[PDB]
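Below is one structure; the comments refer to it alone.
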Amino acid sequence: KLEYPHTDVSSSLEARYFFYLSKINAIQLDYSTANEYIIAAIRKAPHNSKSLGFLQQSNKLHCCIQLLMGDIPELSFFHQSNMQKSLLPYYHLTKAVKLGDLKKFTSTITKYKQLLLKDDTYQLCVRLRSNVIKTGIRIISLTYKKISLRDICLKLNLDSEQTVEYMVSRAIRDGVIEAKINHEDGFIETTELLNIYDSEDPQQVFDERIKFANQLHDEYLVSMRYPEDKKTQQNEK
Amino acid sequence: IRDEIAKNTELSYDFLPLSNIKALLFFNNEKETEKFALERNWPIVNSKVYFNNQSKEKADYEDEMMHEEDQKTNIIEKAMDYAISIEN
Amino acid sequence: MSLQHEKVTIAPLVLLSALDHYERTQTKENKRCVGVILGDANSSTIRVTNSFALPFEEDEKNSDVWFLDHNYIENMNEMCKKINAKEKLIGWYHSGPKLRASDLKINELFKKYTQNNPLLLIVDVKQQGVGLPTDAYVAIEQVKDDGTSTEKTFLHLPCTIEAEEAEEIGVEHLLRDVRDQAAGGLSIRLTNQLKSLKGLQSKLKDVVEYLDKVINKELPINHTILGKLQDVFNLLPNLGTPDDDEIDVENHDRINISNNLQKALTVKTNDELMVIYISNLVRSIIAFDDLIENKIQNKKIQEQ
């Protein structure tokens, strides 16, 4: 029940607004629009050493939100920062998910439990345990196309054939692993094969890019003359 | 739980023998497993389920109702949108 | 004699002229005008350079009754021969509005003068349709599969227009219009595309109701008309073939250069965005110094 203005604000105000929106959306299971909001918030915020409190809080959230999607933010990210001290927990949280070992993830979230609770990503860390598993079976399907559930149990220490069957079955509804199970032959056969320059797929993709380019077109046109018209009106030599 | 499992297994495979259905979808009688399937719109013919039936029928229904031409977007429609953005 | 009237290129001068003659004899109320056409022949393109009026009085009781002066035609031809000597009888114009079968008898009379086969150029004076106001025909002799002997009948000729270098630039001087059938800018071609499509729609609808009129209202059956429609169906395009899959692929490539070019203009326009904002910063400095100078300017006006 909107009334937020984009009329006359500071870029301070857009940074606060976009932070609160991303965060709120995260726990209610929408991660996609939250991505837009938090990526947006950092850039709008003034980049300075007295603003380091607000900026530091945004960086922590953003990576955590990337892990929630099942995408992985850069190891490059945690390393070249001068944020390293505070970005000490997140690096391990990303690494645990990336390598898809569940045992590492359990030790991490225990060990940093105090640090995370402050920044209140702790409730989100519990949800990331789903995302662990997702990364760990993603690797297996990509590396071996056709692999028996038996071998997946060996590799990632699943309990049984059944336990992994259910994981995949749930996962491919959401299109994460992108495979199909062969029940009778006892394996998982991966369905990714690319080459969609035969498909009609490029047209939709391209149109979304042309809509971003059209947004940039509208956005320049209105704003350019506007300082000029005021500045011409005011007296000069 | 049963309905959640039931949805996920359509994607996985087209067919599971009657016995493999009972274990997955959690029943205690083989006659309940078969009855549930009939009501849910899978025919058991030759002790093989056909998960594909319901999926085709749901899909047929979406094509039956019409909102439909714009949401997918025609070729003609994309190209008409470019020219008019420019020309304002 | 021959058929060599495959293309008829018609000067714009002639059309203009035909309307001018028609009004200055004041033939109205279903009265007609005939004049000679002068021009080139023994060329596949028949060139209509020029026309001149013949006095012709056409009756209202019948269409089979007419007066035409044979003595007149030669005098007209020899004077025009003096001007340019590449002009010979190549037919006669009818003022339309439409074809007649009493024109067949007139055709045969012009066949004496000619050394080509007479062009009957129905120049419409009614300007009907958005396309050409000329249909062209030549009287040709045929037998036919029906059991029809020695028929004289008029076969349609496609009409085109060409004009000379001097003649064309005459048009351009006279007019200055941008036209509704032009294929110019983005907007104009958008209009042509809708117009072209609706063009086809109109012709096809006629064909459908013409078919009905053979088979219940006893219009004649003709192998030329049926034969043409068969060809349409045989060379009809098909989709879902590997031709179509390729057309989509070609289609992505054209979408692709439109996308790249859209991004390119964004960079030039955002350059302009910044630069307006740099000029404002400089004009600010200038405006502040200006105010001290305006104080003295306000003051002088009060003092005197």
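Chain lettering (A, B, ...) mirrors the order of the structure tokens, residue numbering begins at 1 for each chain separately, and ligand numbering begins at 1 in order of display.
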Near chain C, 12 Å: chain A residue rows, closest pairs, only C-alpha atoms, as JSON lines:
{"residue": "A:196", "atom": "CA", "partner": "C:249", "partner_atom": "CA", "distance": 10.2}
{"residue": "A:197", "atom": "CA", "partner": "C:249", "partner_atom": "CA", "distance": 7.1}
{"residue": "A:198", "atom": "CA", "partner": "C:249", "partner_atom": "CA", "distance": 6.7}
{"residue": "A:199", "atom": "CA", "partner": "C:249", "partner_atom": "CA", "distance": 8.0}
{"residue": "A:200", "atom": "CA", "partner": "C:248", "partner_atom": "CA", "distance": 6.5}
{"residue": "A:201", "atom": "CA", "partner": "C:252", "partner_atom": "CA", "distance": 9.0}
{"residue": "A:202", "atom": "CA", "partner": "C:252", "partner_atom": "CA", "distance": 6.3}
{"residue": "A:203", "atom": "CA", "partner": "C:252", "partner_atom": "CA", "distance": 6.3}
{"residue": "A:204", "atom": "CA", "partner": "C:252", "partner_atom": "CA", "distance": 10.0}
{"residue": "A:205", "atom": "CA", "partner": "C:252", "partner_atom": "CA", "distance": 10.4}
{"residue": "A:206", "atom": "CA", "partner": "C:259", "partner_atom": "CA", "distance": 6.9}
{"residue": "A:207", "atom": "CA", "partner": "C:259", "partner_atom": "CA", "distance": 8.2}
{"residue": "A:208", "atom": "CA", "partner": "C:259", "partner_atom": "CA", "distance": 10.1}
{"residue": "A:209", "atom": "CA", "partner": "C:259", "partner_atom": "CA", "distance": 7.4}
{"residue": "A:210", "atom": "CA", "partner": "C:259", "partner_atom": "CA", "distance": 6.0}
{"residue": "A:211", "atom": "CA", "partner": "C:259", "partner_atom": "CA", "distance": 9.8}
{"residue": "A:212", "atom": "CA", "partner": "C:263", "partner_atom": "CA", "distance": 9.2}
{"residue": "A:213", "atom": "CA", "partner": "C:263", "partner_atom": "CA", "distance": 6.0}
{"residue": "A:214", "atom": "CA", "partner": "C:262", "partner_atom": "CA", "distance": 8.1}
{"residue": "A:215", "atom": "CA", "partner": "C:266", "partner_atom": "CA", "distance": 10.1}
{"residue": "A:216", "atom": "CA", "partner": "C:266", "partner_atom": "CA", "distance": 7.0}
{"residue": "A:217", "atom": "CA", "partner": "C:266", "partner_atom": "CA", "distance": 6.6}
{"residue": "A:218", "atom": "CA", "partner": "C:266", "partner_atom": "CA", "distance": 10.3}
{"residue": "A:219", "atom": "CA", "partner": "C:270", "partner_atom": "CA", "distance": 9.9}
{"residue": "A:220", "atom": "CA", "partner": "C:273", "partner_atom": "CA", "distance": 6.6}
{"residue": "A:221", "atom": "CA", "partner": "C:273", "partner_atom": "CA", "distance": 8.4}
{"residue": "A:222", "atom": "CA", "partner": "C:273", "partner_atom": "CA", "distance": 10.3}
{"residue": "A:223", "atom": "CA", "partner": "C:273", "partner_atom": "CA", "distance": 8.2}
{"residue": "A:224", "atom": "CA", "partner": "C:273", "partner_atom": "CA", "distance": 5.6}
{"residue": "A:225", "atom": "CA", "partner": "C:276", "partner_atom": "CA", "distance": 7.8}
{"residue": "A:226", "atom": "CA", "partner": "C:276", "partner_atom": "CA", "distance": 9.9}
{"residue": "A:227", "atom": "CA", "partner": "C:280", "partner_atom": "CA", "distance": 7.4}
{"residue": "A:228", "atom": "CA", "partner": "C:280", "partner_atom": "CA", "distance": 6.6}
{"residue": "A:229", "atom": "CA", "partner": "C:280", "partner_atom": "CA", "distance": 9.9}
{"residue": "A:230", "atom": "CA", "partner": "C:280", "partner_atom": "CA", "distance": 9.7}
{"residue": "A:231", "atom": "CA", "partner": "C:280", "partner_atom": "CA", "distance": 6.6}
{"residue": "A:232", "atom": "CA", "partner": "C:283", "partner_atom": "CA", "distance": 8.8}
{"residue": "A:233", "atom": "CA", "partner": "C:287", "partner_atom": "CA", "distance": 10.9}
{"residue": "A:234", "atom": "CA", "partner": "C:287", "partner_atom": "CA", "distance": 7.8}
{"residue": "A:235", "atom": "CA", "partner": "C:287", "partner_atom": "CA", "distance": 6.2}
{"residue": "A:236", "atom": "CA", "partner": "C:287", "partner_atom": "CA", "distance": 4.4}
{"residue": "A:237", "atom": "CA", "partner": "C:290", "partner_atom": "CA", "distance": 5.7}
Resulting file, chosen residues, N, CA and C atoms, as a compact mmCIF listing (two decimals), in the first residue's frame:
# COMPACT_ATOMS: atom_id res chain seq x y z
N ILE A 196 21.22 -23.97 -27.84
CA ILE A 196 19.87 -23.35 -28.05
C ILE A 196 19.87 -22.27 -29.07
N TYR A 197 20.83 -22.37 -30.03
CA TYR A 197 20.87 -21.60 -31.27
C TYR A 197 20.25 -22.38 -32.31
N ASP A 198 19.29 -23.19 -31.91
CA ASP A 198 18.42 -23.91 -32.84
C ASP A 198 16.99 -23.69 -32.41
N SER A 199 16.92 -23.30 -31.08
CA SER A 199 15.73 -22.98 -30.46
C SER A 199 15.40 -21.59 -30.74
N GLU A 200 14.20 -21.18 -30.38
CA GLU A 200 13.69 -19.83 -30.56
C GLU A 200 13.90 -19.02 -29.36
N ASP A 201 14.71 -19.57 -28.38
CA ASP A 201 15.03 -19.05 -27.07
C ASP A 201 15.67 -17.67 -27.17
N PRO A 202 16.60 -17.26 -28.11
CA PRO A 202 17.29 -16.00 -28.03
C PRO A 202 16.38 -14.76 -28.01
N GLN A 203 15.14 -14.77 -28.57
CA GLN A 203 14.19 -13.71 -28.77
C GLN A 203 13.62 -13.11 -27.52
N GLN A 204 13.24 -13.98 -26.55
CA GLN A 204 12.84 -13.56 -25.20
C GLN A 204 13.93 -13.00 -24.47
N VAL A 205 15.15 -13.59 -24.48
CA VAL A 205 16.32 -13.18 -23.74
C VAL A 205 16.67 -11.78 -24.13
N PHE A 206 16.66 -11.62 -25.52
CA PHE A 206 17.12 -10.39 -26.20
C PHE A 206 16.24 -9.24 -25.91
N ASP A 207 14.93 -9.51 -25.74
CA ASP A 207 13.93 -8.54 -25.50
C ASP A 207 13.93 -7.89 -24.14
N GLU A 208 14.34 -8.65 -23.13
CA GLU A 208 14.63 -8.26 -21.78
C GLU A 208 15.85 -7.33 -21.75
N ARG A 209 16.92 -7.66 -22.59
CA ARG A 209 18.07 -6.75 -22.73
C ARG A 209 17.65 -5.42 -23.39
N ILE A 210 16.75 -5.42 -24.42
CA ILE A 210 16.30 -4.27 -25.15
C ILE A 210 15.40 -3.46 -24.27
N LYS A 211 14.64 -4.06 -23.28
CA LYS A 211 13.87 -3.34 -22.29
C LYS A 211 14.73 -2.64 -21.29
N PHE A 212 15.93 -3.15 -20.97
CA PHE A 212 16.86 -2.41 -20.07
C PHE A 212 17.42 -1.23 -20.75
N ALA A 213 17.73 -1.40 -22.08
CA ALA A 213 18.31 -0.38 -22.90
C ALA A 213 17.31 0.71 -23.10
N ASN A 214 15.97 0.45 -23.33
CA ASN A 214 14.86 1.35 -23.37
C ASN A 214 14.60 2.09 -22.11
N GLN A 215 14.79 1.44 -20.91
CA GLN A 215 14.69 2.13 -19.64
C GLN A 215 15.73 3.21 -19.60
N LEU A 216 17.01 2.92 -20.05
CA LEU A 216 18.13 3.91 -19.93
C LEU A 216 17.89 5.14 -20.82
N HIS A 217 17.25 4.87 -22.02
CA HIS A 217 16.74 5.85 -22.90
C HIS A 217 15.70 6.78 -22.32
N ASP A 218 14.73 6.33 -21.53
CA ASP A 218 13.73 7.21 -20.97
C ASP A 218 14.29 8.11 -19.92
N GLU A 219 15.10 7.46 -18.97
CA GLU A 219 15.81 7.97 -17.85
C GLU A 219 16.78 9.10 -18.11
N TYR A 220 17.63 9.12 -19.22
CA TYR A 220 18.41 10.25 -19.63
C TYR A 220 17.64 11.50 -20.07
N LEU A 221 16.59 11.31 -20.94
CA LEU A 221 15.82 12.26 -21.71
C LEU A 221 15.07 13.32 -20.77
N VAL A 222 14.48 12.77 -19.74
CA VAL A 222 13.76 13.58 -18.78
C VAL A 222 14.77 14.41 -17.98
N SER A 223 15.83 13.75 -17.46
CA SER A 223 16.70 14.43 -16.54
C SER A 223 17.63 15.42 -17.14
N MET A 224 18.03 15.34 -18.38
CA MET A 224 19.08 16.12 -18.98
C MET A 224 18.71 17.56 -19.08
N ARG A 225 17.47 17.89 -19.54
CA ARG A 225 17.16 19.24 -19.81
C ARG A 225 16.86 20.02 -18.57
N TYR A 226 16.52 19.30 -17.52
CA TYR A 226 15.86 19.77 -16.35
C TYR A 226 16.74 20.77 -15.50
N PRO A 227 18.01 20.48 -15.17
CA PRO A 227 18.98 21.37 -14.62
C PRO A 227 19.21 22.51 -15.65
N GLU A 228 19.12 22.24 -16.98
CA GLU A 228 19.49 23.20 -18.01
C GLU A 228 18.52 24.27 -18.01
N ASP A 229 17.22 24.02 -17.80
CA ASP A 229 16.04 24.93 -17.94
C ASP A 229 15.97 25.92 -16.79
N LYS A 230 16.30 25.39 -15.61
CA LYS A 230 16.40 26.21 -14.37
C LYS A 230 17.58 27.20 -14.57
N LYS A 231 18.77 26.68 -15.05
CA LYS A 231 20.07 27.38 -15.14
C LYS A 231 19.96 28.46 -16.21
N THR A 232 19.23 28.23 -17.39
CA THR A 232 18.91 29.22 -18.37
C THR A 232 17.99 30.36 -17.88
N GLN A 233 16.97 30.03 -17.04
CA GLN A 233 15.97 30.92 -16.45
C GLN A 233 16.63 31.98 -15.52
N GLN A 234 17.55 31.50 -14.66
CA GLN A 234 18.33 32.31 -13.78
C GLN A 234 19.18 33.17 -14.60
N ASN A 235 19.32 34.42 -14.19
CA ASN A 235 20.13 35.42 -14.87
C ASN A 235 21.59 35.07 -15.05
N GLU A 236 22.17 35.46 -16.20
CA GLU A 236 23.61 35.27 -16.55
C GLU A 236 23.93 36.27 -17.71
N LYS A 237 25.30 36.41 -17.93
CA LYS A 237 25.94 37.51 -18.72
C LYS A 237 25.53 37.32 -20.20
Task: Shell around segment 152-161 of chain A at 9 Å using only C-alpha atoms, local window under 6 positions removed, as a ChimeraX atom specification - done: /A:100-102,136-137,140,186
Proximity of chain C to chain B: per-residue shortest pair, 9 Å limit, only C-alpha atoms, as a Markdown table:
| residue | atom | partner | partner_atom | distance |
| --- | --- | --- | --- | --- |
| C:186 | CA | B:83 | CA | 7.0 |
| C:187 | CA | B:87 | CA | 7.6 |
| C:190 | CA | B:83 | CA | 8.4 |
| C:255 | CA | B:79 | CA | 8.9 |
Could the residues in this selection be written to a file with N, CA, C and O atoms, as a PDB file, in the first residue's frame?
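Contents of part_26.pdb, as written:
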ATOM      1  N   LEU C 186      10.726   5.153 -40.689  1.00  0.00           N
ATOM      2  CA  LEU C 186      10.203   4.073 -39.840  1.00  0.00           C
ATOM      3  C   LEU C 186       8.713   4.109 -39.736  1.00  0.00           C
ATOM      4  O   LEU C 186       8.011   3.158 -40.000  1.00  0.00           O
ATOM      5  N   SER C 187       8.236   5.348 -39.449  1.00  0.00           N
ATOM      6  CA  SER C 187       6.815   5.570 -39.384  1.00  0.00           C
ATOM      7  C   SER C 187       6.071   5.194 -40.700  1.00  0.00           C
ATOM      8  O   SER C 187       4.918   4.758 -40.660  1.00  0.00           O
ATOM      9  N   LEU C 190       5.813   1.575 -41.619  1.00  0.00           N
ATOM     10  CA  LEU C 190       4.977   0.929 -40.620  1.00  0.00           C
ATOM     11  C   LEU C 190       3.603   1.064 -41.291  1.00  0.00           C
ATOM     12  O   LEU C 190       2.747   0.106 -41.311  1.00  0.00           O
ATOM     13  N   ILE C 255      17.553  -9.544 -34.788  1.00  0.00           N
ATOM     14  CA  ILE C 255      17.240  -9.121 -33.396  1.00  0.00           C
ATOM     15  C   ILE C 255      18.522  -8.724 -32.674  1.00  0.00           C
ATOM     16  O   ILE C 255      18.541  -7.801 -31.908  1.00  0.00           O
TER      17      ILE C 255
END
Task: Those in segment 171-202 of chain C with helix (DSSP H, G or I) from DSSP, as a PyMOL selection string - done: chain C and resi 171-174+186-202
- [ ] For segment 32-44 of chain C, work out the shell of residues within 10 Å, counting only C-alpha atoms and skipping chain neighbours fewer than 6 positions away, then give it as a ChimeraX atom specification.
- [x] /C:2-10,14,18-19,21-23,25-26,50-59,68,73,76-77,80-81,85-97,110,114-123
